[PDB]
Each structure stands twice: as C-alpha cells, then as structure tokens.
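A single chain comes next, written as structure tokens; it is the form deposited in one PDB entry.
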C-alpha cells in the first residue's frame, strides 16, 4: 500500500458523504483497506460498485472512487457504512459492532431521510432488519423490502455486495440487474413526486 502498513490503515476511517434531499444512500458493510487508504468510497480495483453504477445508467459515464463527493449534487447519491471501523473483511466484525452500527445508521437515515436506503450487502440488511424492525427474515430476498425506516418515508432496498469476494454473483454483470431496478424505483418515486 505504497509503504503504508496494514496496521496504520486499520486505524483510519472513511468520512460519510451525506446531505439532505438525496434520492439514494449507498450503505456499505464497513471500509476495506483500500477505502481507508484513499479516503474514498469503493476504490477496490475489483469492487463492482462504480462499474455497476455506469452499466445500469445511474451514472452516464464511468466514474471512480475520486468522484464520490460529486455524487450528492450531480446524481442524488450519498454514502455511509453499517460499521465505521476499518478491517480487511466483513468477517472481522463482531455482532455487537454491527448492532452498534445499525443503531447509529438508523439515526443517520432518520436525520437525512433519503428517498431510498440502499443496503450494499445482504448480511448487513439481515442484521438491520432484526435490530430495527424486530423481523428475522426466513427467506430474505434482494430488492425492495416491506419496512420503511421508522418515522420516515425512506424505503429499504437490498443488493448483493459490490465486493468481488462474493462467488454467487461473480461479475459486475451479475449484479447490474439490482442497480437497474434501483434506478427504476428512483425514477418511479421521482415521478410519483
């Protein structure tokens, strides 16, 4: 990491990119090493987020992590994470951390009230749902969820993690459907006013 130790990166955090009146908030699991290094969302050379955002038409050009600060004003997209703490993988986080994260995340969403809270990962929505709605899902599905963030009109939309670690959706192509459906949901909500 250009002479920067893994030990130093694990201490770093990644600032949220949140404003009011957003259409979408991308909720990641937590910052990975490269995200902590760069100070930008999804720089992972293999992470599919920026590729899926373009292939779906949520961005009209291929953007990258360096553009994340332009996303609220130009595309109506913000960013946060279920957990603040940096680690190399999603399995380095404890259940307590996730639940402490969900409580902080629900307050952030209740403050900014985006049209749609996007869970970039199934695992984080499984914990979120149980913690915030008291609902333990039997057959948890991707896409639009039946509960709004409490005391808001904010919807919950779930996608497989943009991380390339996930073998069930091996390519950015295998996840674009969900980004397209997200775009469709947004265009519907903007049309409904």
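Only the largest set of C-alpha atoms that superpose within 1.5 Å between the two forms is called the rigid core. Numbering follows the first chain given and starts at 1.
A second form of this protein, the form deposited in another entry, is not displayed here; the remarks below concern that form.
Exercise. Rigid core as reference, CA moved 2 Å or more between the shown form and the other one - which of 140, 144, 135, 66?
Worked result: Among the listed residues, the outlier is 135.
Exercise. C-alpha of residue 90: shift of 2 angstroms or more between the shown form and the other one, rigid core aligned?
Worked result: Residue 90: C-alpha displaced by 2 Å or more between the shown form and the other one.
Problem set entry | Cα distance between residue 117 and residue 91, which in that other deposited form differs by 3 Å or more from this form, closer or farther | The answer is closer, because the C-alphas of residue 117 and residue 91 approach each other in that other deposited form by 3 Å or more.
Exercise. So the Cα-Cα distance between residue 91 and residue 27 shifts by 3 Å or more in that other deposited form; is it shorter or longer than what we see here?
Worked result: Relative to the displayed form, residue 91 and residue 27 draw closer in that other deposited form - a change of at least 3 Å between their C-alphas.
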